[PDB]
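**Q** Got a structure here, written out as structure tokens. Questions coming.
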Amino acid sequence: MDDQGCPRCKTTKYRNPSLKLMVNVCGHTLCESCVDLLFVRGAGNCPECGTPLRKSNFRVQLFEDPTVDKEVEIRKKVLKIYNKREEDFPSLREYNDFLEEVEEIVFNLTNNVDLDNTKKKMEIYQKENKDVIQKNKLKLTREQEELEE
Amino acid sequence: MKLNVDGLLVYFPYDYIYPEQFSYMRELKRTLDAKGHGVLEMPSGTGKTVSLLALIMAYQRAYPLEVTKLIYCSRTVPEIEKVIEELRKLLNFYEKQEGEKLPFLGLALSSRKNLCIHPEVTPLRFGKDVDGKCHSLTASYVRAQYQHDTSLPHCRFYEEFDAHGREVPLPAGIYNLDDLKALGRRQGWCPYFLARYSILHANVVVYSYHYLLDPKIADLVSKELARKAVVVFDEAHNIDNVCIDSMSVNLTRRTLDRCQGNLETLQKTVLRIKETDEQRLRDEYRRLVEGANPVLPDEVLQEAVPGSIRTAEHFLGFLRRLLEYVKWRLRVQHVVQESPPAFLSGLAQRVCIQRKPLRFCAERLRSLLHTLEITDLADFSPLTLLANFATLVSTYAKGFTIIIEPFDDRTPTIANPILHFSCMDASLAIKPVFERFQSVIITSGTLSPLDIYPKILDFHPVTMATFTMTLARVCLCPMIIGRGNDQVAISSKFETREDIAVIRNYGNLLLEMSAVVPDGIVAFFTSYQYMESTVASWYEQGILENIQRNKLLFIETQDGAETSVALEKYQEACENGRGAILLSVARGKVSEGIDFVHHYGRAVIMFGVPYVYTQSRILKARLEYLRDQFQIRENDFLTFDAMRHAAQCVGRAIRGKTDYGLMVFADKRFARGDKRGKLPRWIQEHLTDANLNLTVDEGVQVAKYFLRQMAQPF
Ligand code: SF4
Ligand SMILES: [Zn+2]
Ligand SMILES: [Zn+2]
């Protein structure tokens with residue numbers, strides 16, 4: 001809430017900081033009062049960029065850094081892949097190789113074309129979906145619940 | 001003056017020793033013979049080091065294999081400088097008795113900022129700036145560039161030190177910091193590094209606590225070489241505060257904003273490097289795969305693998321993500337938040353940051369930072385602080401706590417919140433010292449009862465010995481004045497602080513005492529805000545003007561520059577007949593730093609018990625844990641901290657040479673049995689019940705009588 005104001009309507013922030021950033025595929029700061037301005041005309045179009053949005057492409061985020069918003073949001077989807085625990089990796093070198101590869105994919109998606117990344121993800125899907133992906137999904141809730149308690 | 005101690009014969013330079021000294025040496029020998037860590041108290045500030053040192057010298061000669069080296073630490077470098085003088089005097093006396101040189105070496109370490117010979121760093125005074133310059137001059141790139149002998153300033157002292165200092169070690173001698181600096185100039189070697197090399201073979205090595213407690217720097221210089229060394233601390237009553245402060249790291253909005261800008265510079269630096277130097281510097285990635293210092297101690301420290309973060313572009317985003325989480329988590333406006341283990345979970349879940357990759361971030365930053373050939377680390381110092389905090393939280397939180405203060409005290413609304421990571425137990429950071437070194441002797445003065453320290457610090461002392469100075473003349477004359485001329489309670493209670501009579505009584509006591517007390521006197525309050533209110537009340541009344549007429553009065557402020565000038569003027573007043581009344585705060589840096597000697601602080605005045613603002617959450621977390629673990633009552637420790645601190649500042653008047661000096665406690669609380677018990681033995685035992693509750697005017701009269709007896713010669 002320390003930002004000077006919205007690029008277009010920098011008046012609501014000065015009055016109150018209750019407004020929060022809205023994340024979009026544009027990786028593009030937006031504010032609730034300004035969101036209504038987008039709905040009236042275009043209905044899911046960035047004001048200056050004009051990037052189309054399927055249904056408003058809006059979710060609540062509170063990180064003033066635009067690039068990080070995409071990185072964090074992209075990372076959530078990436079976590080769904082290559083989520084196997086370290087114990088599944090016997091070799092010492094491969095422990096972080098997947099993590100290094102996983103982090104590499106994140107950077108490619110943020111800036112590089114995702115066509116190659118999407119194609120690669122399909123290759124892993126055909127193999128990992130059978131056992132490793134399903135196993136960790138079920139176990140995610142178990143570990144999370146125990147850790148919270 | 002050789003002393004035939006029961007354990008062995010111990011040489012002693014000075015003419016005579018008091019009976020307490022006999023107990024001191026044998027008590028110390030008992031712990032040394034048992035090879036077990038212990039704690040002891042000796043009143044005299046001077047003569048305690050030589051007595052402590054004297055036994056070690058005899059013990060080393062008797063059992064050289066038992067003890068490798070002596071590690072005698074002191075609180076402040078200005079105070080360690082005088083210590084080595086005592087050792088130098090002892091060595092000459094011992095050497096004179098033998099008649100020939102002996103394989104004994106003694107030196108004192110310190111920061112490059114305090115001692116150095118390089119002209120470029122000489123004008124600079126800030127410690128952080130000195131390291132950046134020295135690091136750049138001694139940087140591997142400069143050293144590698146030095147081989148090319150290209151046109152660029154290369155710090156000659158280190159270059160020739162490596163070729164010379166490595167080959168030839170200094171046989172023996174005593175070199176203070178001032179003397180050590182001169183030796184480097186004539187020999188063209190670093191006063192700092194030369195001392196560092198000498199630690200390999202140096203019978204006596206002395207340096208401040210911050211060179212022996214914080215794992216970032218202490219561990220490297222304090223390597224396992226000291227398998228069995230007699231590590232000793234001096235006046236280490238506030239060891240926990242120094243020990244805890246080493247672990248505690250503070251992250252602020254101003255610091256965070258600096259990190260973001262510094263990170264941007266780091267990002268720009270990488271971009272320049274990528275276009276200029278890629279292949280050669282990329283080799284460090286292979287080194288990272290193959291496998292400023294981390295704050296993790298020996299066992300806690302881990303170096304398995306760098307983790308996911310393996311490249312500058314990847315690692316920088318890692319800090320970017322972590323910085324944002326702290327930025328947002330800090331900007332939150334709410335009550336003070338405590339979340340030792342949950343912050344790691346919250347950070348991990350919020351931005352998908354696993355702890356294990358985050359543990360190596362601080363080490364990776366240094367390794368990555370080195371690859372960047374940066375000009376200096378001073379600019380990026382805040383970023384490392386966050387990195388140090390970043391790795392510390394990810395490492396362990398069992399005995400820690402993340403404290404976030406969206407709103408700071410003394411301010412209705414401030415846009416500069418500070419994220420505290422204050423520790424709660426000092427045993428964690430001091431644990432390696434006890435294990436690495438066979439025995440540690442925590443020698444200190446004005447020590448509140450010994451039994452607490454094993455509770456505060458997880459250790460089993462061999463002995464708990466309290467020593468009271470024994471002299472032909474009773475130098476110290478302590479007293480407590482809880483009742484004034486109005487026979488009204490004078491306790492400086494938080495609810496009673498607003499009382500005008502209590503404020504008036506203190507002015508009356510000081511005014512009356514100033515009349516009888518000769519040149520040189522000091523008054524200690526509880527806090528700066530309370531001090532100003534008391535000063536203002538006296539200023540409005542004629543009490544302050546009367547005090548001004550009786551003697552000059554000096555007040556203390558937060559800024560050191562004002563304190564330094566005022567203190568120098570104070571010392572001038574005592575030298576002349578004017579005399580000076582230096583009002584100070586017990587917990588202020590001035591009190592601990594300054595030492596009061598003959599005709600200086602003749603009548604130390606303790607105005608009210610020294611207590612901190614209980615609303616301070618950081619203290620609450622520390623206080624709460626001690627109640628949760630180690631079984632210490634919340635009030636017991638709080639009183640203990642005040643009693644230990646009240647005795648700390650008031651015990652300087654009796655430094656040594658049996659210079660008469662009285663101590664007056666202006667609070668009825670001290671008269672309570674609990675307060676007296678926590679009082680140091682030497683101060684406590686001299687204090688009697690007859691004078692325990694002296695009236696303000698009655699106390700003045702006895703003080704006048706006391707001066708008369710001390711005034712006459714022996
Ligand atoms: S290398 Fe030695 S002489 Fe040069 S700045 Fe550093 S400490 Fe001083
Ligand atoms: Zn807007
Ligand atoms: Zn846009």
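Ligands are numbered from 1 in the order shown, chains are lettered A, B, ... in the order of the structure tokens, and residues start at 1 in each chain.
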Tell me, as a PyMOL selection string, which residues lie within 10 Å of residue B:460, counting only C-alpha atoms; anything in the same chain fewer than 2 positions away does not count.

**A** chain B and resi 36-39+453-455+457-458+462-463

**Q** Output the selection as a PDB file, in the first residue's frame - C-alpha atoms for each residue.

**A**
```
ATOM      1  CA  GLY B  36      35.637 -27.608  33.980  1.00  0.00           C
ATOM      2  CA  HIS B  37      33.906 -24.366  33.102  1.00  0.00           C
ATOM      3  CA  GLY B  38      33.080 -22.122  36.045  1.00  0.00           C
ATOM      4  CA  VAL B  39      32.070 -18.628  37.109  1.00  0.00           C
ATOM      5  CA  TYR B 453      23.768 -17.804  35.098  1.00  0.00           C
ATOM      6  CA  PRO B 454      23.692 -21.627  34.751  1.00  0.00           C
ATOM      7  CA  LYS B 455      19.929 -21.209  34.380  1.00  0.00           C
ATOM      8  CA  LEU B 457      23.244 -20.211  30.100  1.00  0.00           C
ATOM      9  CA  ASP B 458      23.010 -23.993  29.839  1.00  0.00           C
ATOM     10  CA  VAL B 462      32.488 -26.272  38.773  1.00  0.00           C
ATOM     11  CA  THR B 463      32.400 -23.598  41.493  1.00  0.00           C
TER      12      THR B 463
END
```

**Q** Using only C-alpha atoms, find which residues of chain B lie within 6 Å of chain A and jot them down as JSON, numbers by chain.

**A** {"B": [307, 308, 351]}

**Q** Run DSSP on the backbone of this structure and report the residues of stretch 294-496 of chain B it assigns to strand (DSSP E), as a ChimeraX atom specification.

**A** /B:337-338,403-405,418-420,439-444,464-466,479-480

**Q** Restricting the calculation to only C-alpha atoms: of B:115, B:550, B:685, B:354, which residue gets closest to residue A:85?

**A**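 Smallest separation from residue A:85 among the options: B:354.
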
**Q** With the cut-off set at 7 Å and counting only C-alpha atoms and all ligand atoms, tabulate each residue of chain A with an atom at most that distance from an atom of ligand 3, showing the nearest atom pair and its distance in Å to one decimal, ordered by chain and increasing number, as JSON lines.

**A**
```
{"residue": "A:26", "atom": "CA", "partner": "ligand 3", "partner_atom_place_in_ligand_line": "1 (Zn)", "distance": 5.3}
{"residue": "A:28", "atom": "CA", "partner": "ligand 3", "partner_atom_place_in_ligand_line": "1 (Zn)", "distance": 4.9}
{"residue": "A:46", "atom": "CA", "partner": "ligand 3", "partner_atom_place_in_ligand_line": "1 (Zn)", "distance": 5.1}
{"residue": "A:47", "atom": "CA", "partner": "ligand 3", "partner_atom_place_in_ligand_line": "1 (Zn)", "distance": 6.7}
{"residue": "A:48", "atom": "CA", "partner": "ligand 3", "partner_atom_place_in_ligand_line": "1 (Zn)", "distance": 5.8}
{"residue": "A:49", "atom": "CA", "partner": "ligand 3", "partner_atom_place_in_ligand_line": "1 (Zn)", "distance": 4.4}
{"residue": "A:50", "atom": "CA", "partner": "ligand 3", "partner_atom_place_in_ligand_line": "1 (Zn)", "distance": 6.8}
{"residue": "A:51", "atom": "CA", "partner": "ligand 3", "partner_atom_place_in_ligand_line": "1 (Zn)", "distance": 6.8}
```

**Q** Name the residues in contact with residue B:348 at a cut-off of 12 Å, using only C-alpha atoms, excluding same-chain residues fewer than 2 positions from it; report them as a list in words.

**A**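 Residues meeting the cut-off are residues 72, 76 and 144 of chain A; 318, 321, 322, 325, 326, 341, 342, 343, 344, 345, 346, 350, 351, 352, 353, 354, 355, 356, 357, 358, 393 and 394 of chain B.
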
**Q** May I have the residues within 9 Å of residue B:292 as number ranges by chain, using only C-alpha atoms and disregarding those fewer than 4 positions away in the same chain?

**A** B: 216-217, 363, 366, 377, 381, 384

**Q** At a cut-off of 6 Å and counting only C-alpha atoms and all ligand atoms, what residues surround ligand 2? Please answer as number ranges by chain.

**A** A: 6, 8-9, 30-31, 33-34

**Q** Take the selection from the previous step and output its residues with N, CA, C and O atoms, as a short mmCIF file (atom, residue, chain, number, x, y, z; two decimals), in the first residue's frame.

**A**
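The resulting file, result_20.cif, is reproduced below:
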```cif
data_model
loop_
_atom_site.label_atom_id
_atom_site.label_comp_id
_atom_site.auth_asym_id
_atom_site.auth_seq_id
_atom_site.Cartn_x
_atom_site.Cartn_y
_atom_site.Cartn_z
N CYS A 6 -2.42 4.51 -8.55
CA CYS A 6 -2.70 3.81 -9.79
C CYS A 6 -2.16 4.62 -10.97
O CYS A 6 -2.17 5.86 -10.95
N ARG A 8 -3.43 5.32 -13.73
CA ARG A 8 -4.48 6.14 -14.33
C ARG A 8 -5.20 7.00 -13.30
O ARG A 8 -5.28 8.22 -13.46
N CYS A 9 -5.74 6.39 -12.25
CA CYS A 9 -6.54 7.09 -11.24
C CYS A 9 -5.82 6.99 -9.90
O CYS A 9 -6.10 6.10 -9.09
N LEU A 30 -3.40 -3.07 -10.90
CA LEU A 30 -4.76 -2.57 -11.05
C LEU A 30 -5.37 -2.42 -9.67
O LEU A 30 -4.96 -3.07 -8.70
N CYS A 31 -6.38 -1.55 -9.58
CA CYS A 31 -7.01 -1.21 -8.32
C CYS A 31 -8.52 -1.34 -8.45
O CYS A 31 -9.10 -1.14 -9.52
N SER A 33 -11.28 0.27 -7.59
CA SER A 33 -12.03 1.35 -8.23
C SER A 33 -11.73 1.41 -9.72
O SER A 33 -12.62 1.72 -10.52
N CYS A 34 -10.49 1.12 -10.11
CA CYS A 34 -10.12 1.08 -11.52
C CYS A 34 -10.61 -0.19 -12.20
O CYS A 34 -10.81 -0.20 -13.42
#
```

**Q** Do you have, as a tab-separated table, the list of residues of chain B lying at most 10 Å from ligand 1, each with its nearest atom pair and that distance in Å to one decimal, counting only C-alpha atoms and all ligand atoms and ordered by chain then number?

**A**
```
residue	atom	partner	partner_atom_place_in_ligand_line	distance
B:111	CA	ligand 1	7 (S)	8.7
B:112	CA	ligand 1	7 (S)	5.4
B:113	CA	ligand 1	7 (S)	8.3
B:115	CA	ligand 1	7 (S)	7.8
B:116	CA	ligand 1	8 (Fe)	4.6
B:117	CA	ligand 1	3 (S)	5.2
B:118	CA	ligand 1	3 (S)	4.6
B:119	CA	ligand 1	5 (S)	8.0
B:120	CA	ligand 1	5 (S)	7.5
B:121	CA	ligand 1	5 (S)	6.3
B:122	CA	ligand 1	8 (Fe)	8.7
B:130	CA	ligand 1	5 (S)	7.6
B:131	CA	ligand 1	6 (Fe)	7.7
B:132	CA	ligand 1	5 (S)	9.4
B:133	CA	ligand 1	5 (S)	6.7
B:134	CA	ligand 1	6 (Fe)	4.1
B:135	CA	ligand 1	6 (Fe)	7.0
B:136	CA	ligand 1	6 (Fe)	8.8
B:137	CA	ligand 1	1 (S)	6.3
B:138	CA	ligand 1	1 (S)	5.6
B:139	CA	ligand 1	1 (S)	9.4
B:154	CA	ligand 1	4 (Fe)	8.5
B:155	CA	ligand 1	4 (Fe)	5.0
B:156	CA	ligand 1	4 (Fe)	7.0
B:157	CA	ligand 1	3 (S)	4.9
B:158	CA	ligand 1	1 (S)	4.6
B:159	CA	ligand 1	1 (S)	7.8
B:161	CA	ligand 1	2 (Fe)	8.5
B:181	CA	ligand 1	3 (S)	9.9
B:184	CA	ligand 1	3 (S)	8.5
B:185	CA	ligand 1	3 (S)	9.0
B:188	CA	ligand 1	3 (S)	8.4
B:189	CA	ligand 1	3 (S)	7.0
B:190	CA	ligand 1	2 (Fe)	4.3
B:191	CA	ligand 1	7 (S)	6.9
B:192	CA	ligand 1	7 (S)	5.6
B:193	CA	ligand 1	2 (Fe)	6.7
B:194	CA	ligand 1	2 (Fe)	8.9
```

**Q** Which residue gives the smallest distance to residue A:109 among A:122, A:74, A:132, A:43, with only C-alpha atoms counted?

**A**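 Going through A:122, A:74, A:132, A:43 one by one, the smallest distance to residue A:109 is for A:74.
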
**Q** Choose the residue, out of B:488, B:456, B:626, B:604, that has the smallest atom-to-atom separation from residue B:510; count only C-alpha atoms.

**A**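 Closest to residue B:510 of all the choices is B:604.
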
**Q** Quote the spacing between atom CA of residue B:461 and atom CA of residue B:60 in Å to one decimal place.

**A**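 We find that atom CA of residue B:461 and atom CA of residue B:60 lie 21.7 Å from each other.
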